[PDB]
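Enquirer: Okay, here's the structure, questions in a sec.
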Amino acid sequence: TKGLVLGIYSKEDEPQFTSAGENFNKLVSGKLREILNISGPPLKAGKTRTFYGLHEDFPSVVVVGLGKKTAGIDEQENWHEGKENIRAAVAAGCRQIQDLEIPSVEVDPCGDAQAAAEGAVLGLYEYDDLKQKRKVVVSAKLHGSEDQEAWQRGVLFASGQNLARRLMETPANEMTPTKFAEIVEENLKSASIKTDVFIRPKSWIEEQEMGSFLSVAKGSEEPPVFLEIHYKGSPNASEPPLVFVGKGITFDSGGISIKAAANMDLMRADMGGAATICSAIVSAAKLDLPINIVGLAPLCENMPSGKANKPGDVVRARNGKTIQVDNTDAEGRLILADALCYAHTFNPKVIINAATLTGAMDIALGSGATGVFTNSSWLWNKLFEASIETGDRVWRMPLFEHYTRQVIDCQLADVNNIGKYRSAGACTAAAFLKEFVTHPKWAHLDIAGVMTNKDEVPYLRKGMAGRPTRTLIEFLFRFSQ
Amino acid sequence: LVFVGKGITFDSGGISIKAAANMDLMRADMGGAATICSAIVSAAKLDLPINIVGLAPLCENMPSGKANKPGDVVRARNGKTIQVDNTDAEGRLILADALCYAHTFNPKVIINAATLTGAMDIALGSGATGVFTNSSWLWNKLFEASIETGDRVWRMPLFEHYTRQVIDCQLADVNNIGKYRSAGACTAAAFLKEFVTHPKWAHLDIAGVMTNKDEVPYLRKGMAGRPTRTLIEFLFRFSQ
Amino acid sequence: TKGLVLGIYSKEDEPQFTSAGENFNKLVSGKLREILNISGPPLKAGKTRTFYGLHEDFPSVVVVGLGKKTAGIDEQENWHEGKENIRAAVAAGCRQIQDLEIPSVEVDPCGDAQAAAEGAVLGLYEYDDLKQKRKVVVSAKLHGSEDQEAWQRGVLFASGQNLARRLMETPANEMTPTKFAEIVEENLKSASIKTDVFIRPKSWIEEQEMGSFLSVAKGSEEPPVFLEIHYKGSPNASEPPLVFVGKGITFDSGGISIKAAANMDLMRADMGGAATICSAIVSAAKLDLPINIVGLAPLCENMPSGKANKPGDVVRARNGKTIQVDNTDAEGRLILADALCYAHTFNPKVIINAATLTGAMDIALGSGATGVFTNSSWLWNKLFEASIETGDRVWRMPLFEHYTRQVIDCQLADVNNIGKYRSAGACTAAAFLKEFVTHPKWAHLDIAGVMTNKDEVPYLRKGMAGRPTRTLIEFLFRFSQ
Ligand SMILES: [Zn+2]
Ligand SMILES: [Zn+2]
Ligand SMILES: [Zn+2]
Ligand SMILES: [Zn+2]
Ligand SMILES: [Zn+2]
Ligand SMILES: [Zn+2]
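Below, the structure written as structure tokens:
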């Protein structure tokens, strides 16, 4: 059987159906509006109502509130409101169809086939892999034939996100460093033949003088990996690549500066930064975006042991700078210090890194937006514009020499791994990373607060969220224009 | 133009009592009143040709046998009920009535200042004071004002996302603390938005720029008086 | 308009409707089963499905899964399963009718009019009093005329509970000691003319030598009250009363042993014990139960101040025993010590007290059951049997001299207010109270873990739960037989 998701707008006499809803109402000789009318209150945005037996092929029709037809970019909220309405409403419709165990659903494009595809595929996603109680996986399809490219591009963007949620969600004993490197490799090679994957072993990592990455890694028995992803999509094979770097800690216990036990299981998602940048690169190659992109993810685990990093140790990063490890839980900093050095080798046009770096970001913006520190207002503008379309917001945070001073604490080393005071922890972790970039166009995104979803963005179940993957794909999309 | 300032003259936390460590700095919880009143004294010394009202609710927040209890529902001047879930989120409560009264004056602009939240300190920690504003015009004038004074301002988001977190019904129209711990500056500001209907309001969270240690060199270590010159400079330029 | 809630049983060909569902299906010429059939999967227990436009008078019909028709008493779970199924299913049906803002609902009795009334009235309850956003309050009515007494007795039992949730939920600055005493007075006097209410002031309380109650009270500015409720429902006016005692702390801050800030707002519900026993007595008088019942609730607030109780103080209870107050947050103990002395004055047949005494009860049984300590297996049996009918369980906990030894710590006093070790805190708080009863039939119910509902019992919204009020009404009901 099929289910049909149909949208309507908020209230004229009648609140308007979409063209597809209106066309369905004519095909059932006015029944759909009749029952909608005797059924109760007008549906508002994100609200659904389900009707049965109106048509032989659609035993379940779910009508969904899209909000005001007029909705556009909201200057205060910094997103396109209308598309947010369409993702929210279609996900709520689709999820009613899966609770009735119906295996396929025709979705009305609602005026924007791309965001309706994104609502349906985000909305229906689940991670029930290691459970014996799995949900019915239903397959969403565009209702109609008129903008199947826009539907399929949304399908594409919502899967990139879903790959990243899956990557993040999987338990750390399953998603080890080589296992993640293998999933990404497999996915990237299915995306395009214009790809190259290098799963670099410890041997290579130590030939590259990556001392601060290697010192995080040694306290675990799990072999680290340096994952080098290439998408050569430019016609000019010598066109300078954009490089994405991502913190891939596959589990963070804290090391010897050990984490509290409460809710420590969420640190399986400390490789969110690698999940995010690698999924956006798989999507860019599926999209055959005409640009060269390198992806760099140092993968390792941070564990207490008799060979772990000790508070006070001084390690040497690939640029020769010494780093005093004052707290072993400020490990991503260390990892990214070498990876951001290596990023420069590629002669990049742009360097963007992503990391679940700091609980300070969560106290600061708590999932309303991911924080970005950038030395370039041009980069800031392109990322900000990219998030107005996706609804997955970005908010700029300061790169002031003020926070740098706080981490240039000599004592034994050139730089300290944690700021001198507790204040502005996101700001001093970003200033730490500035010490390893000499590039005029670098952006640091702190993903820690947008790592999980509970109820905040309606089209995502409660779980690891995969954010800001579509802001990154959209940024690449527009850049390759 | 009306300036409003949190004047808690000492904050112990009430029954949600503060930890003992470094509690002496809450003598500076009236920093918001100190800041807006000093800028108005300076504007009148400067004979700036504008009308300015300053509004500072002054009181102390102490545990006693008549103190506010966690869970109480109080009624603000606009009739909204407010569930006091934590008595240490008191400035919120104080400013809720004062920002109602601010509207009586038919103001061109409403700016309030408060040492509201240690979350601001975790967020920007004295590199800048945080400002939440429903107007980019206000943001631009304040930002420009701080380029001259060196005493920086950094915009922070007023998203309905943080509002949802504080519109927790349970007993009241609004809760006094956000549902989750995340984004505490952002949900305290969204709480205050519930009491303004004015198209040009700015909320400055002064908590992280309250003290100086070594960060801005021309100030000894002590209570810093920030962002007073950004405010005087903003008034200066406005009266041009 | 009306909504109709109709139940069906789990699966024969067809899963069976109730008589009312079956009768409605005949009135719509087979439409209801037809649409039920094309609509999706068979409803299981507590699941609902809503159908629109089957009949002019019922634009919304909500069909609800009752589980197996055969369900009876479950030996492992210690409740009547079937009635639990009916409360759960009818509440879920009724709440669909309120989300559509329909103001009245006909409810199918489902084979047990009493539990269907209880599901509907519990299910629909809300506490939105001080909000400007209130829900539509819908009015549930029995579908039919055949067992309107059973429907109305369930209405009665579910309101007693709802009075107690409301009492518990209200903020402590509104529900002060005289305000609560006034609500209870007003309600009891509407229940019967066979009632007497005494709101005893401080003056009386100090003439009665109630030193340990008075020492909790003095640290707050709010005047304490001793509430004495009488329901003379026996034909023999000299028939010995059953007495119910309840801890009425209207807000507990901890005093000088001050509570942590986190979630302290829930201590507005520390008068749950008074709420519970007073609501059961209002219900017993509405039910014109032929017995004499006295209700005793010491009401006060526990606050830090310059006149509050100090850790180490020795106070004197009404029986002359000294009590060392080692921790001021073990105040209910102190309050109940005088009230349980006074209870003996009444020459009672039975003494039952209820108190949100101990977070140790919550660690022990955590809302699966309220804990009862009783020196009588006869009392235990009657309470246990009473909870098999209501589904609101009771679990016996030990009154061993082992826990008594732990609190007979002399040092300055006859008894200490907290046990010597942290272990068995519910057990040593109950052993403390045993020191003030000389009656052969006393039961202590520790209500702390069943104080709130989140998701655990389906027919209650998330909030203060009013438990175990119907176990108490049911116990009185059977006793007066
Ligand atoms: Zn860490
Ligand atoms: Zn980490
Ligand atoms: Zn405070
Ligand atoms: Zn304060
Ligand atoms: Zn207590
Ligand atoms: Zn208590």
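Protein chains in written order, with this note's numbering: chain A, 1 to 481; chain B, 1 to 240; chain C, 1 to 481.
Where a beta carbon is used, it is the ideal one built from N, C-alpha and C, also for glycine.
(1) Am I right that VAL245(C) and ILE277(C) are in contact with their C-beta atoms under 8 angstroms? What's the rounded C-beta distance?
(2) What is the residue span of the beta strand (DSSP E) that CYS59(B) lies within?
(3) Residue ranges of each alpha helix (DSSP H) run of no fewer than 4 residues wholly in the stretch 26-72 of chain B, ordered along the chain?
(4) Any heavy atom of ligand 4 closer than 6 angstroms to the beta-carbon of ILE206(B)?
(5) Around the C-beta of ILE110(B), are 16 or more other C-beta atoms found within 10 angstroms, so that it is buried, or is it exposed?
(6) Inspect the beta-carbon positions of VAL394(C) and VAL372(C) and report whether they are closer than 7 angstroms.
(7) Tell me which residues pass a beta-carbon proximity test against ligand 6: closer than 6 angstroms to any heavy atom, given in chain order.
(8) Residues of chain A with a CB under 7 angstroms from the CB of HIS161(B): which are they?
(9) Show which residues of chain A have a CB atom less than 7 angstroms away from the CB atom of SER182(B).
(10) Going by C-alpha to C-alpha distance, which of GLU385(C), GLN148(C), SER39(C), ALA113(C) sits closest to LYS83(C)?
(11) When DSSP labels each residue in this structure, what does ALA355(C) get in the three-state scheme?
(12) Taking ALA443(C) as part of the beta strand (DSSP E), name the residues at either end of that continuous run.
(13) Does the distance from the CB of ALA183(B) to the CB of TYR162(B) come in under 7 angstroms?
(14) If we call anything under 7 angstroms between Cβ atoms a contact, is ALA43(B) one with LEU235(B)?
(15) Is any heavy atom of ligand 1 found at a distance shorter than 6 angstroms from the C-beta of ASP329(A)?
(16) Within its chain, find whatever has a CB closer than 8 angstroms to the CB of residue 284(B); leave out the 5 residues flanking it on each side and keep chain order.
(17) Would you be able to state if there are at least three C-beta pairs under 8 angstroms between the stretch 86-93 of chain C and the stretch 113-125 of chain C?
(18) Between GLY391(C) and the rest of its own chain, which residues show a CB-CB distance below 8 angstroms, the 5 nearest in sequence each way excluded?
(19) So, at 7 angstroms on beta carbons, what are the nonlocal neighbours of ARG95(A) in its own chain, with the 5 sequence-adjacent residues on each side left out?
(20) At which residues does the alpha helix (DSSP H) containing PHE236(B) begin and terminate?
(21) If you measure from the beta carbon of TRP395(A) to each beta carbon in chain B, is any gap under 7 angstroms?
(22) On the criterion of 16 or more Cβ atoms from any shown chain inside 10 Å, does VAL62(A) qualify as buried, or is it exposed?
(23) Within its chain, find whatever has a CB closer than 8 angstroms to the CB of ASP265(C); leave out the 5 residues flanking it on each side and keep chain order.
(24) Between the stretch 429-437 of chain A and the stretch 189-204 of chain B, do at least 3 Cβ pairs fall closer than 8 angstroms?
(25) Beta-carbon within less than 8 angstroms of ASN162(A)'s beta-carbon, same chain only, minus the 5 sequence neighbours each way: which residues are those?
(26) What's the C-alpha gap between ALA89(B) and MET30(B)?
(27) Tell me which residues of the stretch 71-92 of chain A have at least one Cβ-Cβ distance to chain B shorter than 7 angstroms, keeping chain order.
(28) Can you tell me the Cα-Cα spacing of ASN302(C) and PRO201(C), whole angstroms?
(29) Taking all protein chains shown into account, decide if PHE51(C) is buried (16 or more other Cβ within 10 angstroms of its Cβ) or exposed.
(30) Which bits of chain A does residue 487(C) rub up against, with CB to CB less than 8 angstroms?
(31) With a Cβ-Cβ cutoff of 7 angstroms, do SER104(A) and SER139(A) count as a contact?
(32) Following the continuous beta strand (DSSP E) through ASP99(C), name the residue where it begins and the one where it ends.
(33) For residue 528(A), count neighbouring C-beta atoms within 10 Å of its own C-beta (all shown protein chains included) and say buried if the count is 16 or more, exposed if not.
(34) Which residues bound the beta strand (DSSP E) around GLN83(B)?
(35) Check distances from the C-beta atoms of the stretch 54-66 of chain A to those of chain C and list, in chain order, the residues that come in under 7 angstroms.
Expert: Taking the structure as given:
(1) Yes, they are in contact, since the Cβ atoms of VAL245(C) and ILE277(C) sit about 7 angstroms apart, within 8 angstroms.
(2) Start and end: 58-61.
(3) Secondary structure remark: continuous alpha helix (DSSP H) runs of at least 4 residues inside the stretch 26-72 of chain B, in chain order: 31-45.
(4) No - ligand 4 has no heavy atom lying nearer than 6 angstroms to the Cβ of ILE206(B).
(5) Classification for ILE110(B): buried.
(6) Cβ distance < 7 angstroms, so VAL394(C) and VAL372(C) count as in contact.
(7) Checking every Cβ against the heavy atoms of ligand 6 under 6 angstroms gives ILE249(C), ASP252(C), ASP270(C), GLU331(C), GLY332(C).
(8) Here the neighbours are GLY368, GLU456.
(9) Those are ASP362, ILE363, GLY366, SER367, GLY449, listed as they occur along chain A.
(10) For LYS83(C), the closest of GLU385(C), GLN148(C), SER39(C), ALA113(C) by C-alpha to C-alpha distance is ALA113(C).
(11) In this structure, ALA355(C) counts as strand in the three-state DSSP scheme.
(12) Per DSSP, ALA443(C) belongs to the beta strand (DSSP E) from 442-446.
(13) Yes, the Cβ-Cβ distance between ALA183(B) and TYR162(B) is below 7 angstroms.
(14) The Cβ-Cβ distance between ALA43(B) and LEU235(B) falls below 7 angstroms.
(15) True, at least one ligand heavy atom lies under 6 angstroms from that Cβ.
(16) Missing from the structure shown is residue 284(B); chain B here goes from 1 to 240 and no further.
(17) They touch, by the three-pair rule.
(18) Taken in chain order, the residues that qualify are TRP79, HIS80, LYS83, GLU84, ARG87, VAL457.
(19) Annotation for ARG95(A): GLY123, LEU124 place their beta carbon closer than 7 angstroms to its own, counting only its chain and skipping 5 residues before and after.
(20) Per DSSP, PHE236(B) belongs to the alpha helix (DSSP H) from 228-239.
(21) Answer yes: the Cβ-Cβ gap between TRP395(A) and chain B drops below 7 angstroms somewhere.
(22) The residue in question, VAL62(A), is buried, as its Cβ has 16 or more Cβ neighbours within 10 Å.
(23) Around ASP265(C): no qualifying Cβ.
(24) In this structure the stretch 429-437 of chain A does not touch the stretch 189-204 of chain B; the number of beta carbon pairs closer than 8 angstroms is below three.
(25) If we look at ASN162(A) and ignore the five residues flanking it on each side, its Cβ neighbours are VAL121, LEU122, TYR125, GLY466.
(26) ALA89(B) and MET30(B): Cα-Cα distance of roughly 14 angstroms.
(27) Near chain B, meaning a CB-to-CB distance below 7 angstroms, the residues of the stretch 71-92 of chain A are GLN76, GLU77.
(28) Computed Cα separation, rounded: 17 angstroms.
(29) Counting the other Cβ atoms within 10 Å of the Cβ of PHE51(C) gives 16 or more, which makes it buried.
(30) Lying before the first or after the last residue shown, residue 487(C) is absent from chain C, which here runs from 1 to 481.
(31) Cβ distance < 7 angstroms, so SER104(A) and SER139(A) count as in contact.
(32) Premise fails: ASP99(C) lies in the alpha helix (DSSP H), 81-99, not in any beta strand (DSSP E).
(33) What the structure shows of chain A is the stretch from 1 to 481, and residue 528(A) is not part of that stretch, so it cannot be assessed.
(34) First-last of the beta strand (DSSP E) with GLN83(B): 81-84.
(35) Those would be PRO59, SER60, in chain order.
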